[PDB]
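Given next, in structure tokens, is a single chain: the form deposited in one PDB entry.
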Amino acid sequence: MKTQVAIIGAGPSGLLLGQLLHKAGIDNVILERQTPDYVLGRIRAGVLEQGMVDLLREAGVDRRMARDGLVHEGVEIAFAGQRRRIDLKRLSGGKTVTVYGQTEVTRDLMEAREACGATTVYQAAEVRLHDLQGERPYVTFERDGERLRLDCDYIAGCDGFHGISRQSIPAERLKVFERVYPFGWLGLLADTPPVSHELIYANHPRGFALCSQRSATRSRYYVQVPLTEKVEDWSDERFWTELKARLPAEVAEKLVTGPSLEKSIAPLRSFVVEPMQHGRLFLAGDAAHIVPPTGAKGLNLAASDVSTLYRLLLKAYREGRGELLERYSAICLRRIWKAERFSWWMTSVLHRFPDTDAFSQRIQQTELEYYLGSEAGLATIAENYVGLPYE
């Protein structure tokens, strides 16, 4: 087969890029290693920034989101003793965030694509990338036990952390920046009404807790755990007691509990690769960078990479301005690094780190007290949380 742009991975990144390109008249084929329900089984993200909200609208996939997503104008931080609200809307100059599940976003994009009849190959096994620096790169994959070749002009690597894209670039061409945190988040998806109309981030001596939601009758809760914990060790009951133990008493008392729909432990990491391209291959989303979940930025960054890639390819195709594609990595990395710093910061102030001396503990408290206390400090949080402008 032959196409314009070949996309590796049928996650939100590949799907959204695919959608935007199709609608713009640029043919693209998506190659996914797994099945459509495997993809749809990932819970992940709950919070979208306005830019991603706008991109979905632009891909013409926002009906359901407009109906079903919840607009939030504030978030709360609870730290030893109190509960503080950050008014996002007023502090960011009128911006908000939207709660809409990653699974939901993914489902909407898969439907839109299916309708349009754009090509998607599920269970594409053994994807391999070839001739990245030539004029004519191609992708090989196996469909059954048949190896097919897809010819294209450009490859978008939208295959997440463990994809093949990043792996296909000469190791010597990339500079890696990684931070591994000594803790993960145990998440619990329950068909219970959320404890608050807004999110609650909690710094507690026993460790971080987060009260999030999916809808009015669907909640998502997380507690920080050591990397050595196995989820088979966390019954629903154990989860509920522990959560309750990390929250403000008035919050724990109002908490409606119930059986889990899903439970999983996610390890926290910081990761950036520079540059994010090679020849005719362009990395986007988790393939190029990972942020700890704390600042609700991963999917939001994939969206900014995708927005940048899409606009650059349009220009190349419709305007014959292929040279601007050289500017892809410079553009995305300005945004990445600022989102990674916010994410690191959020992570360092709300989590309980092992082997922390008295000083470092006290500074942790003071940062909270300072930032939650000053109009300037509050504003720093608010403008980062809502998302910084797209370039």
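Residues that one form lacks are left out of the comparison. Under this definition, the rigid core comprises the largest set of C-alpha atoms superposing within 1.5 Å between the forms. In this text, residue numbers run from 1 along the sequence as written.
The same protein also has a form deposited in another entry, omitted here; what follows describes it.
Just one of 265, 121, 312, 77 moves its Cα by 2 Å or more between this form and the one not shown on a rigid core overlay, and this residue is 265. Residue 152 shows a C-alpha shift below 2 Å between this form and the one not shown [criterion: core-superposed Cα displacement of 2 Å]. For residue 253, a C-alpha deviation of 2 angstroms or more is recorded between this form and the one not shown after rigid-core alignment. Core-superposed comparison between this form and the one not shown: the CA of residue 168 stays below a 2 Å shift. Relative to the shown form, the CA atoms of residue 193 and residue 94 are pushed 3 Å or more farther apart in the other entry. Compared with the form shown here, the C-alpha atoms of residue 194 and residue 292 sit at least 3 Å farther apart in the other entry. Segments displaced between this form and the one not shown are 192-195, 249-253, 262-266 (runs of at least 3 consecutive residues, each Cα moved 2 Å or more after rigid core superposition).
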